[PDB]
2 protein chains.
Amino acid sequence: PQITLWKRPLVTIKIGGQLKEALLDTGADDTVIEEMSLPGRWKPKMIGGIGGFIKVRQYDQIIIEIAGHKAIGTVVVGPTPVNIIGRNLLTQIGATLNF
Amino acid sequence: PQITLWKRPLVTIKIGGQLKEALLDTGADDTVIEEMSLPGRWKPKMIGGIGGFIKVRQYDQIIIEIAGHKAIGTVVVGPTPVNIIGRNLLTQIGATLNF
Ligand SMILES: COc1ccc(S(=O)(=O)N(CC(C)C)C[C@@H](O)[C@H](Cc2ccccc2)NC(=O)O[C@H]2CO[C@H]3O[C@@H]4OCC[C@@H]4[C@H]32)cc1
Ligand SMILES: [Cl-]
Ligand SMILES: [Cl-]
Ligand SMILES: [Cl-]
Ligand SMILES: [Cl-]
Ligand SMILES: [Cl-]
Ligand code: NA
Ligand code: NA
């Protein structure tokens, strides 16, 4: 698809069998998801946004569908104001920025 | 141009006669620039993201050249850790997400 940016580029994702809404975010290195349960072990990570840092739980090789495209990669979980799909999984679904 | 997302989508911008590097950021509603002076009136605003909120000064009708494309709109200025081109100006240069 071709997505214009007059509105937020929100898409449906599926993770852990659950449907969620997420922002396709070229300004995010990482994929950041609201508090939820994921399988396996996690390791710690500090991510920094506009208003400082938050601690998150990093899970690798998580299976997630994004706007209908399968990805498998790292997802970090923590107190984000919105689910964010960052460049690590945008590259997996073949997304580009064009103008 | 077509920008792949293996790396941060950083471009050169010109604003207020200065050159800066900025992130093309589809996850950003607004265009947020680090502390600088801009001409005209301004009003205070709070904007928030990962970590919390920052106070910024909102300037209207500001022209920015974004990787060679001129665009005009609101720019907010404050203690952001990175210069960000948000959707309010990405739309003006015709930027889209494609996959
Ligand atoms: C109202 O208008 C706004 C409101 C909010 C924002 S924002 O900067 O807070 N953000 C909104 C979003 C979190 C809902 C835009 C994002 O693109 C920021 C943009 C951003 C980038 C860097 C630093 C600060 C902000 N990215 C970001 O926080 O990425 C996080 C997660 O991944 C890491 O990669 C990034 O690079 C490493 C750190 C960040 C980490 C911008 C304009
Ligand atoms: Cl919107
Ligand atoms: Cl979708
Ligand atoms: Cl990954
Ligand atoms: Cl605007
Ligand atoms: Cl358009
Ligand atoms: Na795992
Ligand atoms: Na103005």
# chains A, B, ... in the order shown; residues from 1 in each chain; ligands from 1
call {"tool": "calpha_fit_and_write", "arguments": {"fixed": "chain B", "moving": "chain A", "output": "JSON list (two decimals) with N, CA and C atoms, in the first residue's frame"}}
result
[["chain", "number", "residue", "atom", "x", "y", "z"],
["A", 1, "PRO", "N", 12.75, 11.07, -3.94],
["A", 1, "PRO", "CA", 13.65, 9.97, -3.60],
["A", 1, "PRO", "C", 12.88, 8.85, -2.88],
["A", 2, "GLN", "N", 13.47, 7.67, -2.87],
["A", 2, "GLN", "CA", 13.01, 6.50, -2.13],
["A", 2, "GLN", "C", 14.02, 6.20, -1.01],
["A", 3, "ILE", "N", 13.57, 6.26, 0.23],
["A", 3, "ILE", "CA", 14.49, 6.12, 1.36],
["A", 3, "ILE", "C", 14.16, 4.84, 2.12],
["A", 4, "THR", "N", 15.15, 3.97, 2.17],
["A", 4, "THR", "CA", 15.01, 2.74, 2.95],
["A", 4, "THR", "C", 15.33, 3.06, 4.40],
["A", 5, "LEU", "N", 15.08, 2.08, 5.27],
["A", 5, "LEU", "CA", 15.13, 2.41, 6.70],
["A", 5, "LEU", "C", 16.15, 1.62, 7.49],
["A", 6, "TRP", "N", 17.16, 1.06, 6.81],
["A", 6, "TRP", "CA", 18.27, 0.37, 7.45],
["A", 6, "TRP", "C", 19.07, 1.35, 8.30],
["A", 7, "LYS", "N", 19.11, 2.62, 7.91],
["A", 7, "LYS", "CA", 19.70, 3.65, 8.75],
["A", 7, "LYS", "C", 18.65, 4.70, 9.09],
["A", 8, "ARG", "N", 18.95, 5.57, 10.05],
["A", 8, "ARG", "CA", 17.99, 6.64, 10.35],
["A", 8, "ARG", "C", 17.76, 7.52, 9.13],
["A", 9, "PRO", "N", 16.53, 7.85, 8.79],
["A", 9, "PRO", "CA", 16.21, 8.70, 7.63],
["A", 9, "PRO", "C", 16.49, 10.18, 7.91],
["A", 10, "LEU", "N", 17.77, 10.50, 8.03],
["A", 10, "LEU", "CA", 18.21, 11.86, 8.34],
["A", 10, "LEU", "C", 18.36, 12.67, 7.06],
["A", 11, "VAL", "N", 17.90, 13.91, 7.08],
["A", 11, "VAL", "CA", 18.03, 14.74, 5.88],
["A", 11, "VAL", "C", 18.58, 16.10, 6.29],
["A", 12, "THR", "N", 19.03, 16.85, 5.29],
["A", 12, "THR", "CA", 19.42, 18.22, 5.61],
["A", 12, "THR", "C", 18.21, 19.13, 5.47],
["A", 13, "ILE", "N", 18.08, 20.04, 6.45],
["A", 13, "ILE", "CA", 17.02, 21.04, 6.35],
["A", 13, "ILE", "C", 17.65, 22.44, 6.35],
["A", 14, "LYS", "N", 16.86, 23.41, 5.90],
["A", 14, "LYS", "CA", 17.33, 24.79, 6.01],
["A", 14, "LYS", "C", 16.23, 25.61, 6.66],
["A", 15, "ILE", "N", 16.64, 26.21, 7.77],
["A", 15, "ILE", "CA", 15.63, 27.04, 8.45],
["A", 15, "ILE", "C", 16.36, 28.26, 8.98],
["A", 16, "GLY", "N", 15.78, 29.44, 8.81],
["A", 16, "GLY", "CA", 16.43, 30.66, 9.28],
["A", 16, "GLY", "C", 17.81, 30.76, 8.66],
["A", 17, "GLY", "N", 17.95, 30.33, 7.41],
["A", 17, "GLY", "CA", 19.24, 30.44, 6.74],
["A", 17, "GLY", "C", 20.26, 29.43, 7.22],
["A", 18, "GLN", "N", 19.92, 28.63, 8.23],
["A", 18, "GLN", "CA", 20.90, 27.68, 8.76],
["A", 18, "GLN", "C", 20.65, 26.26, 8.27],
["A", 19, "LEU", "N", 21.73, 25.53, 7.99],
["A", 19, "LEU", "CA", 21.57, 24.13, 7.60],
["A", 19, "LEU", "C", 21.54, 23.26, 8.86],
["A", 20, "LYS", "N", 20.62, 22.31, 8.93],
["A", 20, "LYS", "CA", 20.59, 21.45, 10.12],
["A", 20, "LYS", "C", 20.27, 20.03, 9.65],
["A", 21, "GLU", "N", 20.51, 19.08, 10.53],
["A", 21, "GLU", "CA", 20.13, 17.70, 10.19],
["A", 21, "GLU", "C", 18.81, 17.37, 10.87],
["A", 22, "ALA", "N", 17.92, 16.65, 10.21],
["A", 22, "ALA", "CA", 16.64, 16.33, 10.87],
["A", 22, "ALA", "C", 16.19, 14.93, 10.46],
["A", 23, "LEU", "N", 15.42, 14.30, 11.33],
["A", 23, "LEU", "CA", 14.91, 12.94, 11.12],
["A", 23, "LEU", "C", 13.57, 12.99, 10.44],
["A", 24, "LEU", "N", 13.34, 12.30, 9.33],
["A", 24, "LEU", "CA", 11.99, 12.29, 8.76],
["A", 24, "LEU", "C", 11.14, 11.36, 9.62],
["A", 25, "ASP", "N", 10.13, 11.84, 10.33],
["A", 25, "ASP", "CA", 9.55, 11.00, 11.39],
["A", 25, "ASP", "C", 8.05, 10.80, 11.26],
["A", 26, "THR", "N", 7.64, 9.64, 10.73],
["A", 26, "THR", "CA", 6.22, 9.42, 10.51],
["A", 26, "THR", "C", 5.45, 9.27, 11.83],
["A", 27, "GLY", "N", 6.17, 9.03, 12.91],
["A", 27, "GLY", "CA", 5.55, 8.83, 14.22],
["A", 27, "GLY", "C", 5.32, 10.14, 14.95],
["A", 28, "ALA", "N", 5.70, 11.24, 14.32],
["A", 28, "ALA", "CA", 5.56, 12.57, 14.93],
["A", 28, "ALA", "C", 4.47, 13.38, 14.25],
["A", 29, "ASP", "N", 3.47, 13.83, 15.02],
["A", 29, "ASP", "CA", 2.45, 14.70, 14.44],
["A", 29, "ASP", "C", 3.02, 16.07, 14.02],
["A", 30, "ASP", "N", 3.91, 16.57, 14.85],
["A", 30, "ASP", "CA", 4.52, 17.88, 14.78],
["A", 30, "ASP", "C", 6.00, 17.83, 14.43],
["A", 31, "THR", "N", 6.43, 18.98, 13.90],
["A", 31, "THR", "CA", 7.84, 19.21, 13.60],
["A", 31, "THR", "C", 8.52, 19.85, 14.79],
["A", 32, "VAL", "N", 9.55, 19.19, 15.32],
["A", 32, "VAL", "CA", 10.13, 19.65, 16.57],
["A", 32, "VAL", "C", 11.62, 19.95, 16.36],
["A", 33, "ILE", "N", 12.02, 21.19, 16.65],
["A", 33, "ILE", "CA", 13.40, 21.60, 16.35],
["A", 33, "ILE", "C", 14.14, 22.07, 17.58],
["A", 34, "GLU", "N", 15.46, 21.84, 17.65],
["A", 34, "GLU", "CA", 16.23, 22.21, 18.82],
["A", 34, "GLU", "C", 16.23, 23.73, 19.00],
["A", 35, "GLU", "N", 16.54, 24.18, 20.20],
["A", 35, "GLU", "CA", 16.61, 25.59, 20.53],
["A", 35, "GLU", "C", 17.29, 26.43, 19.45],
["A", 36, "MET", "N", 16.58, 27.42, 18.96],
["A", 36, "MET", "CA", 17.12, 28.34, 17.97],
["A", 36, "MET", "C", 16.22, 29.57, 17.94],
["A", 37, "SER", "N", 16.71, 30.60, 17.27],
["A", 37, "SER", "CA", 15.93, 31.82, 17.12],
["A", 37, "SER", "C", 15.08, 31.75, 15.85],
["A", 38, "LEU", "N", 13.81, 32.07, 16.01],
["A", 38, "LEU", "CA", 12.87, 32.27, 14.93],
["A", 38, "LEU", "C", 12.14, 33.61, 15.11],
["A", 39, "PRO", "N", 11.77, 34.16, 13.97],
["A", 39, "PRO", "CA", 11.07, 35.45, 13.95],
["A", 39, "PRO", "C", 9.61, 35.37, 14.35],
["A", 40, "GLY", "N", 9.05, 36.48, 14.84],
["A", 40, "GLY", "CA", 7.64, 36.59, 15.13],
["A", 40, "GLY", "C", 7.27, 36.15, 16.53],
["A", 41, "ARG", "N", 5.97, 36.09, 16.81],
["A", 41, "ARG", "CA", 5.54, 35.67, 18.14],
["A", 41, "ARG", "C", 5.41, 34.16, 18.20],
["A", 42, "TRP", "N", 5.42, 33.62, 19.41],
["A", 42, "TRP", "CA", 5.20, 32.20, 19.60],
["A", 42, "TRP", "C", 4.07, 31.96, 20.60],
["A", 43, "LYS", "N", 3.50, 30.78, 20.55],
["A", 43, "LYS", "CA", 2.46, 30.44, 21.53],
["A", 43, "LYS", "C", 2.86, 29.11, 22.16],
["A", 44, "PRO", "N", 2.31, 28.83, 23.33],
["A", 44, "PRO", "CA", 2.80, 27.68, 24.09],
["A", 44, "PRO", "C", 2.18, 26.37, 23.63],
["A", 45, "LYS", "N", 2.99, 25.32, 23.77],
["A", 45, "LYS", "CA", 2.46, 23.99, 23.49],
["A", 45, "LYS", "C", 3.21, 22.96, 24.33],
["A", 46, "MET", "N", 2.44, 21.95, 24.73],
["A", 46, "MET", "CA", 3.00, 20.81, 25.44],
["A", 46, "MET", "C", 2.91, 19.61, 24.49],
["A", 47, "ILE", "N", 4.06, 19.01, 24.24],
["A", 47, "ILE", "CA", 4.10, 17.79, 23.43],
["A", 47, "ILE", "C", 4.64, 16.64, 24.28],
["A", 48, "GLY", "N", 4.06, 15.46, 24.03],
["A", 48, "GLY", "CA", 4.41, 14.29, 24.80],
["A", 48, "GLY", "C", 5.05, 13.17, 24.03],
["A", 49, "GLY", "N", 6.25, 12.78, 24.48],
["A", 49, "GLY", "CA", 6.87, 11.65, 23.81],
["A", 49, "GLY", "C", 6.84, 10.42, 24.71],
["A", 50, "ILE", "N", 7.84, 9.58, 24.51],
["A", 50, "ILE", "CA", 7.94, 8.30, 25.19],
["A", 50, "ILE", "C", 8.16, 8.48, 26.68],
["A", 51, "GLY", "N", 8.97, 9.47, 27.03],
["A", 51, "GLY", "CA", 9.48, 9.71, 28.35],
["A", 51, "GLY", "C", 8.89, 10.93, 29.04],
["A", 52, "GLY", "N", 7.69, 11.27, 28.60],
["A", 52, "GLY", "CA", 6.86, 12.32, 29.15],
["A", 52, "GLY", "C", 6.71, 13.48, 28.18],
["A", 53, "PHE", "N", 6.33, 14.63, 28.71],
["A", 53, "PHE", "CA", 6.09, 15.85, 27.98],
["A", 53, "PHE", "C", 7.24, 16.85, 28.08],
["A", 54, "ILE", "N", 7.29, 17.72, 27.08],
["A", 54, "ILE", "CA", 8.19, 18.85, 27.13],
["A", 54, "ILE", "C", 7.38, 20.09, 26.73],
["A", 55, "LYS", "N", 7.74, 21.25, 27.28],
["A", 55, "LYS", "CA", 7.08, 22.46, 26.81],
["A", 55, "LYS", "C", 7.84, 22.97, 25.60],
["A", 56, "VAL", "N", 7.09, 23.44, 24.60],
["A", 56, "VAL", "CA", 7.81, 23.99, 23.46],
["A", 56, "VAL", "C", 7.24, 25.36, 23.08],
["A", 57, "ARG", "N", 7.94, 26.07, 22.20],
["A", 57, "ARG", "CA", 7.45, 27.33, 21.67],
["A", 57, "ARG", "C", 6.92, 27.10, 20.28],
["A", 58, "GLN", "N", 5.65, 27.38, 20.02],
["A", 58, "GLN", "CA", 5.12, 27.12, 18.68],
["A", 58, "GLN", "C", 5.22, 28.35, 17.78],
["A", 59, "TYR", "N", 5.88, 28.23, 16.63],
["A", 59, "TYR", "CA", 5.89, 29.31, 15.63],
["A", 59, "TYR", "C", 5.13, 28.88, 14.39],
["A", 60, "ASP", "N", 4.16, 29.65, 13.90],
["A", 60, "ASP", "CA", 3.49, 29.21, 12.66],
["A", 60, "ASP", "C", 4.05, 29.91, 11.42],
["A", 61, "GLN", "N", 3.72, 29.33, 10.28],
["A", 61, "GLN", "CA", 4.06, 29.82, 8.95],
["A", 61, "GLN", "C", 5.54, 30.15, 8.83],
["A", 62, "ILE", "N", 6.35, 29.20, 9.29],
["A", 62, "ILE", "CA", 7.80, 29.27, 9.19],
["A", 62, "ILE", "C", 8.23, 28.66, 7.86],
["A", 63, "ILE", "N", 9.17, 29.32, 7.19],
["A", 63, "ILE", "CA", 9.60, 28.78, 5.92],
["A", 63, "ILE", "C", 10.75, 27.81, 6.15],
["A", 64, "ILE", "N", 10.62, 26.58, 5.61],
["A", 64, "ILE", "CA", 11.75, 25.69, 5.87],
["A", 64, "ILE", "C", 11.97, 24.81, 4.65],
["A", 65, "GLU", "N", 13.23, 24.55, 4.29],
["A", 65, "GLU", "CA", 13.47, 23.63, 3.18],
["A", 65, "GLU", "C", 13.81, 22.26, 3.75],
["A", 66, "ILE", "N", 13.25, 21.20, 3.18],
["A", 66, "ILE", "CA", 13.50, 19.85, 3.71],
["A", 66, "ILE", "C", 13.96, 18.94, 2.56],
["A", 67, "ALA", "N", 15.19, 18.49, 2.66],
["A", 67, "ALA", "CA", 15.77, 17.71, 1.57],
["A", 67, "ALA", "C", 15.53, 18.39, 0.24],
["A", 68, "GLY", "N", 15.65, 19.71, 0.21],
["A", 68, "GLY", "CA", 15.44, 20.44, -1.03],
["A", 68, "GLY", "C", 14.02, 20.80, -1.41],
["A", 69, "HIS", "N", 13.01, 20.51, -0.60],
["A", 69, "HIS", "CA", 11.62, 20.79, -0.88],
["A", 69, "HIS", "C", 11.13, 21.89, 0.05],
["A", 70, "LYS", "N", 10.51, 22.91, -0.55],
["A", 70, "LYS", "CA", 10.06, 24.00, 0.29],
["A", 70, "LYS", "C", 8.76, 23.67, 1.01],
["A", 71, "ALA", "N", 8.74, 24.01, 2.30],
["A", 71, "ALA", "CA", 7.52, 23.91, 3.09],
["A", 71, "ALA", "C", 7.35, 25.22, 3.85],
["A", 72, "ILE", "N", 6.11, 25.52, 4.22],
["A", 72, "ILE", "CA", 5.83, 26.66, 5.08],
["A", 72, "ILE", "C", 4.77, 26.24, 6.09],
["A", 73, "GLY", "N", 5.14, 26.17, 7.36],
["A", 73, "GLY", "CA", 4.14, 25.65, 8.31],
["A", 73, "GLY", "C", 4.61, 25.82, 9.74],
["A", 74, "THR", "N", 3.91, 25.17, 10.66],
["A", 74, "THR", "CA", 4.26, 25.30, 12.07],
["A", 74, "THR", "C", 5.47, 24.51, 12.48],
["A", 75, "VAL", "N", 6.32, 25.16, 13.26],
["A", 75, "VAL", "CA", 7.50, 24.48, 13.78],
["A", 75, "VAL", "C", 7.50, 24.70, 15.28],
["A", 76, "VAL", "N", 7.72, 23.68, 16.11],
["A", 76, "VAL", "CA", 7.84, 23.97, 17.56],
["A", 76, "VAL", "C", 9.27, 23.76, 18.01],
["A", 77, "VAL", "N", 9.71, 24.64, 18.91],
["A", 77, "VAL", "CA", 11.10, 24.67, 19.35],
["A", 77, "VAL", "C", 11.23, 24.31, 20.81],
["A", 78, "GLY", "N", 12.16, 23.42, 21.16],
["A", 78, "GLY", "CA", 12.27, 23.03, 22.56],
["A", 78, "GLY", "C", 13.34, 21.96, 22.73],
["A", 79, "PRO", "N", 13.44, 21.38, 23.92],
["A", 79, "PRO", "CA", 14.56, 20.48, 24.25],
["A", 79, "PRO", "C", 14.35, 19.08, 23.69],
["A", 80, "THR", "N", 14.32, 18.99, 22.36],
["A", 80, "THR", "CA", 14.25, 17.69, 21.71],
["A", 80, "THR", "C", 15.66, 17.14, 21.49],
["A", 81, "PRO", "N", 15.80, 15.83, 21.61],
["A", 81, "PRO", "CA", 17.10, 15.18, 21.46],
["A", 81, "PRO", "C", 17.59, 15.20, 20.01],
["A", 82, "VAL", "N", 16.69, 15.48, 19.08],
["A", 82, "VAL", "CA", 16.98, 15.50, 17.66],
["A", 82, "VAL", "C", 15.93, 16.33, 16.94],
["A", 83, "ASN", "N", 16.34, 17.02, 15.88],
["A", 83, "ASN", "CA", 15.38, 17.73, 15.06],
["A", 83, "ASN", "C", 14.50, 16.69, 14.35],
["A", 84, "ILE", "N", 13.19, 16.89, 14.45],
["A", 84, "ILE", "CA", 12.21, 15.95, 13.93],
["A", 84, "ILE", "C", 11.29, 16.59, 12.91],
["A", 85, "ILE", "N", 11.21, 16.05, 11.69],
["A", 85, "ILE", "CA", 10.23, 16.51, 10.72],
["A", 85, "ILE", "C", 8.99, 15.62, 10.83],
["A", 86, "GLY", "N", 7.89, 16.18, 11.33],
["A", 86, "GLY", "CA", 6.68, 15.41, 11.55],
["A", 86, "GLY", "C", 5.70, 15.48, 10.41],
["A", 87, "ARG", "N", 4.52, 14.89, 10.59],
["A", 87, "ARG", "CA", 3.57, 14.74, 9.51],
["A", 87, "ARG", "C", 3.06, 16.08, 8.98],
["A", 88, "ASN", "N", 3.06, 17.12, 9.81],
["A", 88, "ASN", "CA", 2.55, 18.38, 9.26],
["A", 88, "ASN", "C", 3.39, 18.89, 8.10],
["A", 89, "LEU", "N", 4.71, 18.63, 8.09],
["A", 89, "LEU", "CA", 5.50, 19.08, 6.93],
["A", 89, "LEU", "C", 5.86, 17.93, 6.00],
["A", 90, "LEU", "N", 5.85, 16.69, 6.48],
["A", 90, "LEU", "CA", 6.00, 15.59, 5.52],
["A", 90, "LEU", "C", 4.88, 15.59, 4.50],
["A", 91, "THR", "N", 3.64, 15.95, 4.90],
["A", 91, "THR", "CA", 2.57, 16.01, 3.93],
["A", 91, "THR", "C", 2.85, 17.14, 2.94],
["A", 92, "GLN", "N", 3.44, 18.25, 3.40],
["A", 92, "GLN", "CA", 3.70, 19.32, 2.44],
["A", 92, "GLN", "C", 4.71, 18.92, 1.39],
["A", 93, "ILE", "N", 5.69, 18.08, 1.72],
["A", 93, "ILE", "CA", 6.66, 17.72, 0.68],
["A", 93, "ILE", "C", 6.25, 16.46, -0.08],
["A", 94, "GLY", "N", 5.05, 15.96, 0.16],
["A", 94, "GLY", "CA", 4.48, 14.88, -0.60],
["A", 94, "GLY", "C", 4.95, 13.51, -0.17],
["A", 95, "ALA", "N", 5.42, 13.35, 1.06],
["A", 95, "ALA", "CA", 5.96, 12.07, 1.51],
["A", 95, "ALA", "C", 4.90, 11.04, 1.85],
["A", 96, "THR", "N", 5.19, 9.80, 1.45],
["A", 96, "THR", "CA", 4.34, 8.67, 1.73],
["A", 96, "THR", "C", 5.18, 7.53, 2.29],
["A", 97, "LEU", "N", 4.51, 6.65, 2.99],
["A", 97, "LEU", "CA", 5.10, 5.42, 3.51],
["A", 97, "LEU", "C", 4.63, 4.28, 2.63],
["A", 98, "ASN", "N", 5.53, 3.43, 2.13],
["A", 98, "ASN", "CA", 5.15, 2.42, 1.16],
["A", 98, "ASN", "C", 5.73, 1.05, 1.49],
["A", 99, "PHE", "N", 4.90, 0.02, 1.36],
["A", 99, "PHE", "CA", 5.43, -1.34, 1.52],
["A", 99, "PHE", "C", 4.51, -2.33, 0.80]]
call {"tool": "select_by_dssp", "arguments": {"residues": "chain A", "states": "strand (DSSP E or B)", "output": "ChimeraX atom specification"}}
result
/A:2-3,10-15,18-24,32-33,43-49,52-66,69-77,84-85,96-98
call {"tool": "select_by_dssp", "arguments": {"residues": "chain A", "states": "helix (DSSP H, G or I)", "output": "ChimeraX atom specification"}}
result
/A:87-90
call {"tool": "write_last_selection", "arguments": {"atoms": "N, CA, C and O atoms", "output": "mmCIF file, in the first residue's frame"}}
result
data_model
loop_
_atom_site.group_PDB
_atom_site.id
_atom_site.type_symbol
_atom_site.label_atom_id
_atom_site.label_comp_id
_atom_site.auth_asym_id
_atom_site.auth_seq_id
_atom_site.Cartn_x
_atom_site.Cartn_y
_atom_site.Cartn_z
ATOM 1 N N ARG A 87 11.969 0.966 12.837
ATOM 2 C CA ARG A 87 12.667 0.573 11.633
ATOM 3 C C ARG A 87 13.083 -0.895 11.642
ATOM 4 O O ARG A 87 13.219 -1.524 10.592
ATOM 5 N N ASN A 88 13.285 -1.479 12.818
ATOM 6 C CA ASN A 88 13.700 -2.888 12.778
ATOM 7 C C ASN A 88 12.642 -3.781 12.142
ATOM 8 O O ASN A 88 12.970 -4.797 11.514
ATOM 9 N N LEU A 89 11.348 -3.466 12.279
ATOM 10 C CA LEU A 89 10.341 -4.306 11.609
ATOM 11 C C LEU A 89 9.779 -3.641 10.365
ATOM 12 O O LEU A 89 9.260 -4.302 9.461
ATOM 13 N N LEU A 90 9.857 -2.313 10.252
ATOM 14 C CA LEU A 90 9.487 -1.717 8.961
ATOM 15 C C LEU A 90 10.376 -2.232 7.837
ATOM 16 O O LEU A 90 9.908 -2.422 6.706
#
